[PDB]
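Here's the structure, in structure tokens; my notes come after.
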There are 2 protein chains.
Amino acid sequence: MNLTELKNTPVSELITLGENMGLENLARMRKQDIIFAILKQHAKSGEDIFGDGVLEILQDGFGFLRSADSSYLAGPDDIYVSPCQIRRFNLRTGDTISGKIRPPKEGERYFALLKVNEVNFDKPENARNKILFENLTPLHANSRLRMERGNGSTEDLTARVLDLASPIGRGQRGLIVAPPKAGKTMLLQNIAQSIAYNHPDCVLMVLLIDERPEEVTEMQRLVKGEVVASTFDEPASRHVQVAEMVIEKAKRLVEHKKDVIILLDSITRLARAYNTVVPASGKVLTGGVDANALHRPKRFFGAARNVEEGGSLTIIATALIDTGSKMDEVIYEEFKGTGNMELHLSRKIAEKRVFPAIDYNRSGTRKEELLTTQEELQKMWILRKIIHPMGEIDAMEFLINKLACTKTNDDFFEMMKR
Amino acid sequence: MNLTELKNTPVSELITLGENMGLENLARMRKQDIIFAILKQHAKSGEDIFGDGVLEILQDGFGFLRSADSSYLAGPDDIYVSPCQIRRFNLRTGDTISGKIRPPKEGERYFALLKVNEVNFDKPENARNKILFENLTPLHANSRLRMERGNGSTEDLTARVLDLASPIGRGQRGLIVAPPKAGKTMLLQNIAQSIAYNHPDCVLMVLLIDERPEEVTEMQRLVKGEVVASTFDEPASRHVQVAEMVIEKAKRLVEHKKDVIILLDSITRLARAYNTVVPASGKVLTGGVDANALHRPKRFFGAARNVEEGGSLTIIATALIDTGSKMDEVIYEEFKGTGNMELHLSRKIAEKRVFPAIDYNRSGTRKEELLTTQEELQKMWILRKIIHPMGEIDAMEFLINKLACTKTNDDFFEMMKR
Ligand SMILES: O=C1C=CC(=O)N1CCN1C(=O)C=CC1=O
Ligand SMILES: [Mg+2]
């Protein structure tokens, strides 16, 4: 009946549903193959079935509707779309298409979409009246994203430091400099919790590249939104396919004037995947890094903007430095001046078991006056004149206790003032 | 009478068993052919025969029940299974099949399985009610494996130190960084004894890749469990075949809610074996390592998890560094930020005749609060502050003498408490 309702069902329940018609030996199959077999159970009965996904356009012209639940993995249950269908309605990669599914005919190994009902949460004819993303004019970030929960909890303390260190606004292309063993993945989970709580309206997407399988399920059970990731055992091809799909899908929501926020982890691991995928260009930089390969991740990082016409696109990527790898150092150098916002983590503060390990003296964002107010910026500048003489390690020790007593940042602004 | 009881019988007794019927000149051939000749002796007698094995499905469709007593070598006494026999029961590679074997007929050079009695130590009909491996949801390790023996023996200090430095739980994807001549194999033998003593329930499998034939028989006489190895004289195809057959056999036991532990030695030798077998993809990394070659071993190393439904899969693979080869260093770079826990062996401590030579500063685990108790973790962090300023050689020397005074680790904590 509802394909998207079937995918989110646990595999144990899929066995019982398969046994209802009379299917057998389903327990020794993949999760996707069970859905494909179950979709045939409704095919014989002729009952109407609904399913959606994210369109991926192949080089030949015929595409598929990848599922966001399976992290856009090419499975047998992917809905097929004919090349003629993408011409009647102007569609490209990343378009969210929902409609009825017809059973495959003879010679068809994939289910096909019979009628297009909604495209990007809009009518098919309405979606063709939207201006393309690259034709839009970028504008500076001016809508502040309030990262503070306001409950004064221990986890909210990290957000208060983040707000005080570097303000982040809609469309701001941030970047996090993360040395290894510094609580980087703990910081990202705090951001996703605050974003989905303070601003439920904006679409939140979390993209993890080369992440441990035990880390993917921790993020999926924690982030209130859409979490898509590719484990390290997957090939380098799957690292860029799962990345291009996310940015293409994110662009479409901008064309419909929706605020979209992407949390990336990590840009360094994404770039190395591109270096493997692309053919050698002859001219190779130091450390085995292909200088031509860096263009593709720069396109991914350069897509973040605040569109004047409406909406925005926020990318908060994490950079891995001090990892003991020559290639990881080369990647970070290319994205040095590119990031609109920079946040630095201190390894030494992590060894003090002090969280968040925020290097306040070497973090911040340009054009912060467009985000904050006049009085807010001046109060922050007072702390900038206070923390700067102090060292990095003791600054967080001093800053954490000061922010602990006050529940809110403005309350703290009334503390150090007097 | 029993094929598995025939294999473990020494070849001297097999000659006596062969001479009882009247078989002539059996001494001048391999032990595999002697078993095959003895089996044909009972073929004409007509008495029922018994045996078991581990499946290995070829691309053609048929399989063989290789035996772990011969390190899954393609012996002439491997039981053949029909392509439809793996269809009536939903079978796949790595399934442990036991049952009566019928003698080969005319045109058949291999023994054939006549009746499937037990699959994975379970009824052949209940084996198809188990969910596949990858469909299981991975999770963080939260059940600590008590590596401490507690008897106060001299070799117990090796395990007692390891529990102090890097706690290991069920499903903990570990990684041991071992330079050459640092007592690596002495550490593995100590682990395989404490695990087989403290936790008899978990399936302890030890896999040695590219190891000397001398060390194989040393491990087989010490480890109380399955010890399967491939010597260096074996081709590169045997290293990957003997490694795929081990992870697949471990995956099946996970589906039956059984904890399985794999002690790999070493992930570097395994990766180099895969680099030889797989074809060139056109992109070559530094040091001669193919880019897509490392995808296969990462899947082997990435299968370790603590399945939420039940059971686990613990892989402890050794990494070889400082071997003077650029290929060995490249492999370690890819598996750097991959394992759940790391344990660094130090050459300098080994040259001081200090055992175990463990680099306490650079060794540690992740999410250790899940394994250890609240108060135990506090004591460990107290120890970290003491060790942190000390060097590698002195701290291990300081730790060893302190641990020798007390019988148990917690008793040692009291001595250093005040
Ligand atoms: O074609 C397949 C695939 C598995 C399988 O057993 N067979 C048939 C083999 N087979 C005969 O043709 C007559 C007796 C018998 O066992
Ligand atoms: Mg060591």
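Naming scheme: A, B, ... for chains in displayed order of the structure tokens; residues 1 onward per chain; ligands 1 onward as shown.
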Could you list, with a cut-off of 7 Å and counting only C-alpha atoms, the residues of chain B near chain A, each shown with its nearest atom pair and the distance in Å rounded to one decimal, rows sorted by chain and ascending number, as JSON lines?
{"residue": "B:90", "atom": "CA", "partner": "A:25", "partner_atom": "CA", "distance": 6.7}
{"residue": "B:128", "atom": "CA", "partner": "A:25", "partner_atom": "CA", "distance": 6.0}
{"residue": "B:129", "atom": "CA", "partner": "A:27", "partner_atom": "CA", "distance": 5.6}
{"residue": "B:130", "atom": "CA", "partner": "A:27", "partner_atom": "CA", "distance": 5.7}
{"residue": "B:131", "atom": "CA", "partner": "A:27", "partner_atom": "CA", "distance": 4.8}
{"residue": "B:132", "atom": "CA", "partner": "A:28", "partner_atom": "CA", "distance": 5.3}
{"residue": "B:135", "atom": "CA", "partner": "A:31", "partner_atom": "CA", "distance": 5.8}
{"residue": "B:138", "atom": "CA", "partner": "A:214", "partner_atom": "CA", "distance": 5.6}
{"residue": "B:139", "atom": "CA", "partner": "A:214", "partner_atom": "CA", "distance": 5.0}
{"residue": "B:140", "atom": "CA", "partner": "A:214", "partner_atom": "CA", "distance": 5.6}
{"residue": "B:286", "atom": "CA", "partner": "A:288", "partner_atom": "CA", "distance": 6.7}
{"residue": "B:291", "atom": "CA", "partner": "A:276", "partner_atom": "CA", "distance": 6.6}
{"residue": "B:295", "atom": "CA", "partner": "A:235", "partner_atom": "CA", "distance": 5.8}
{"residue": "B:298", "atom": "CA", "partner": "A:233", "partner_atom": "CA", "distance": 4.9}
{"residue": "B:299", "atom": "CA", "partner": "A:233", "partner_atom": "CA", "distance": 4.8}
{"residue": "B:302", "atom": "CA", "partner": "A:233", "partner_atom": "CA", "distance": 6.0}
{"residue": "B:338", "atom": "CA", "partner": "A:212", "partner_atom": "CA", "distance": 6.7}
Using only N, CA, C and O atoms, please write the residues we just selected to a file, as a compact mmCIF listing (two decimals), in the first residue's frame.
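Final output, again-v6.txt:
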# COMPACT_ATOMS: atom_id res chain seq x y z
N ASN B 90 17.67 -23.22 3.03
CA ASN B 90 18.27 -21.98 2.57
C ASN B 90 19.69 -21.86 3.12
O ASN B 90 19.89 -21.36 4.22
N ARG B 128 16.44 -21.42 8.74
CA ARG B 128 15.89 -20.46 7.80
C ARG B 128 15.03 -19.40 8.48
O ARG B 128 14.43 -18.57 7.79
N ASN B 129 14.95 -19.42 9.81
CA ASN B 129 14.21 -18.42 10.57
C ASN B 129 15.14 -17.41 11.23
O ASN B 129 14.74 -16.75 12.20
N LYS B 130 16.36 -17.27 10.74
CA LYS B 130 17.35 -16.36 11.30
C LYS B 130 17.59 -15.21 10.34
O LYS B 130 17.81 -15.43 9.14
N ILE B 131 17.55 -13.98 10.86
CA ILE B 131 17.74 -12.80 10.03
C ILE B 131 19.18 -12.73 9.54
O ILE B 131 20.11 -13.18 10.23
N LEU B 132 19.37 -12.17 8.35
CA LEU B 132 20.70 -12.05 7.77
C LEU B 132 21.58 -11.13 8.62
O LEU B 132 21.10 -10.40 9.49
N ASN B 135 21.41 -7.14 7.84
CA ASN B 135 20.12 -6.62 8.25
C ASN B 135 20.05 -6.33 9.74
O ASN B 135 19.18 -5.57 10.18
N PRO B 138 23.77 -2.63 13.96
CA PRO B 138 24.97 -2.58 14.81
C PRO B 138 24.78 -1.62 15.97
O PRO B 138 23.90 -0.76 15.98
N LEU B 139 25.63 -1.79 16.98
CA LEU B 139 25.54 -0.99 18.19
C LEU B 139 26.90 -0.95 18.86
O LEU B 139 27.78 -1.76 18.57
N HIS B 140 27.07 0.01 19.76
CA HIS B 140 28.31 0.13 20.52
C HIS B 140 28.48 -1.05 21.45
O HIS B 140 27.51 -1.66 21.92
N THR B 286 50.15 5.69 -3.45
CA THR B 286 51.57 5.66 -3.17
C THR B 286 51.95 4.33 -2.53
O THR B 286 51.16 3.70 -1.82
N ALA B 291 44.00 1.43 -5.15
CA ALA B 291 43.01 2.24 -4.43
C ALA B 291 41.82 1.40 -4.00
O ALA B 291 41.40 1.45 -2.84
N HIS B 295 39.24 -1.97 -0.34
CA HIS B 295 37.81 -2.09 -0.04
C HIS B 295 37.48 -3.46 0.53
O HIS B 295 36.68 -3.57 1.47
N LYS B 298 38.64 -3.91 4.24
CA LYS B 298 37.85 -3.05 5.11
C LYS B 298 36.51 -3.68 5.44
O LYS B 298 36.03 -3.54 6.57
N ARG B 299 35.89 -4.36 4.48
CA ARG B 299 34.66 -5.09 4.77
C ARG B 299 34.91 -6.20 5.78
O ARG B 299 34.07 -6.43 6.67
N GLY B 302 35.45 -4.29 8.96
CA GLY B 302 34.27 -3.55 9.34
C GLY B 302 33.08 -4.37 9.74
O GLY B 302 32.02 -3.81 10.04
N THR B 338 39.82 3.93 12.08
CA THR B 338 38.81 2.93 11.75
C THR B 338 38.40 2.08 12.94
O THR B 338 37.21 1.97 13.24
Site check for ligand 1: residues at most 10 Å away, only C-alpha atoms and all ligand atoms, as a PyMOL selection string | chain B and resi 61-62+81-87
Write the residues you've just listed into a file as a PDB file, in the first residue's frame, and include N, CA, C and O atoms for each of them.
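Below is the file that was written, result-v4.pdb:
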ATOM      1  N   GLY B  61      27.425 -22.975  -8.355  1.00  0.00           N
ATOM      2  CA  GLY B  61      26.203 -23.302  -7.649  1.00  0.00           C
ATOM      3  C   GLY B  61      26.377 -24.381  -6.602  1.00  0.00           C
ATOM      4  O   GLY B  61      25.661 -24.396  -5.597  1.00  0.00           O
ATOM      5  N   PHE B  62      27.318 -25.293  -6.824  1.00  0.00           N
ATOM      6  CA  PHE B  62      27.588 -26.330  -5.843  1.00  0.00           C
ATOM      7  C   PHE B  62      28.578 -25.827  -4.796  1.00  0.00           C
ATOM      8  O   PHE B  62      29.221 -24.786  -4.954  1.00  0.00           O
ATOM      9  N   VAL B  81      27.918 -31.047  -2.138  1.00  0.00           N
ATOM     10  CA  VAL B  81      26.513 -30.759  -1.885  1.00  0.00           C
ATOM     11  C   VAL B  81      25.872 -30.289  -3.182  1.00  0.00           C
ATOM     12  O   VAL B  81      26.453 -29.482  -3.917  1.00  0.00           O
ATOM     13  N   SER B  82      24.679 -30.803  -3.466  1.00  0.00           N
ATOM     14  CA  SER B  82      24.009 -30.493  -4.716  1.00  0.00           C
ATOM     15  C   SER B  82      23.538 -29.041  -4.732  1.00  0.00           C
ATOM     16  O   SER B  82      23.234 -28.465  -3.685  1.00  0.00           O
ATOM     17  N   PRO B  83      23.470 -28.425  -5.915  1.00  0.00           N
ATOM     18  CA  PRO B  83      22.915 -27.067  -6.003  1.00  0.00           C
ATOM     19  C   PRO B  83      21.474 -26.972  -5.539  1.00  0.00           C
ATOM     20  O   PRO B  83      21.045 -25.892  -5.118  1.00  0.00           O
ATOM     21  N   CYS B  84      20.709 -28.061  -5.610  1.00  0.00           N
ATOM     22  CA  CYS B  84      19.355 -28.072  -5.076  1.00  0.00           C
ATOM     23  C   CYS B  84      19.311 -28.390  -3.590  1.00  0.00           C
ATOM     24  O   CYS B  84      18.324 -28.056  -2.927  1.00  0.00           O
ATOM     25  N   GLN B  85      20.354 -29.031  -3.053  1.00  0.00           N
ATOM     26  CA  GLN B  85      20.396 -29.291  -1.618  1.00  0.00           C
ATOM     27  C   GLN B  85      20.550 -28.004  -0.822  1.00  0.00           C
ATOM     28  O   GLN B  85      20.120 -27.937   0.335  1.00  0.00           O
ATOM     29  N   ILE B  86      21.153 -26.977  -1.419  1.00  0.00           N
ATOM     30  CA  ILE B  86      21.298 -25.681  -0.767  1.00  0.00           C
ATOM     31  C   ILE B  86      20.078 -24.831  -1.091  1.00  0.00           C
ATOM     32  O   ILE B  86      20.006 -23.656  -0.717  1.00  0.00           O
ATOM     33  N   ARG B  87      19.116 -25.418  -1.798  1.00  0.00           N
ATOM     34  CA  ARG B  87      17.856 -24.756  -2.111  1.00  0.00           C
ATOM     35  C   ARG B  87      16.712 -25.217  -1.221  1.00  0.00           C
ATOM     36  O   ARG B  87      15.910 -24.390  -0.776  1.00  0.00           O
TER      37      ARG B  87
END
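The alpha helix (DSSP H) portion of stretch 71-123 of chain A consists of residues 85, 86, 87 and 88 of chain A, with states taken from DSSP on the backbone.
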Any chance you can output those residues with N, CA and C atoms as a CSV table (one decimal), in the first residue's frame?
chain,number,residue,atom,x,y,z
A,85,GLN,N,9.3,10.1,-19.0
A,85,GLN,CA,8.6,10.7,-17.9
A,85,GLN,C,9.3,11.9,-17.4
A,86,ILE,N,10.6,11.9,-17.4
A,86,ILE,CA,11.4,13.1,-17.0
A,86,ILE,C,11.3,14.3,-18.0
A,87,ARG,N,10.7,14.0,-19.2
A,87,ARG,CA,10.5,15.1,-20.2
A,87,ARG,C,9.2,15.8,-20.1
A,88,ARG,N,8.1,15.0,-19.8
A,88,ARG,CA,6.8,15.6,-19.6
A,88,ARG,C,6.8,16.6,-18.5
Compile the contact shell of residue A:300 as a PDB file with N, CA and C atoms, in the first residue's frame: residues with an atom at most 8 Å away, counting only C-alpha atoms, same-chain residues fewer than 4 positions apart removed.
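Once everything was written out, this is out-v4.pdb:
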ATOM      1  N   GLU A 244      26.908  13.462  -3.688  1.00  0.00           N
ATOM      2  CA  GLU A 244      26.287  14.232  -4.759  1.00  0.00           C
ATOM      3  C   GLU A 244      24.769  14.193  -4.669  1.00  0.00           C
ATOM      4  N   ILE A 247      23.609  16.848  -1.919  1.00  0.00           N
ATOM      5  CA  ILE A 247      23.688  18.250  -2.314  1.00  0.00           C
ATOM      6  C   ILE A 247      22.691  18.559  -3.425  1.00  0.00           C
ATOM      7  N   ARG A 296      36.023  19.110  -7.348  1.00  0.00           N
ATOM      8  CA  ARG A 296      34.702  18.573  -7.025  1.00  0.00           C
ATOM      9  C   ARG A 296      34.285  18.859  -5.587  1.00  0.00           C
ATOM     10  N   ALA A 304      27.009  26.359  -0.658  1.00  0.00           N
ATOM     11  CA  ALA A 304      26.349  26.976   0.484  1.00  0.00           C
ATOM     12  C   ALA A 304      26.216  28.473   0.244  1.00  0.00           C
TER      13      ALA A 304
END
In Å, with one decimal, what is the gap from atom CA of residue A:142 to atom CA of residue A:167?
-> 10.6 Å
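The two atoms in question, atom CA of residue B:253 and atom CA of residue B:222, are spaced 23.2 Å apart.
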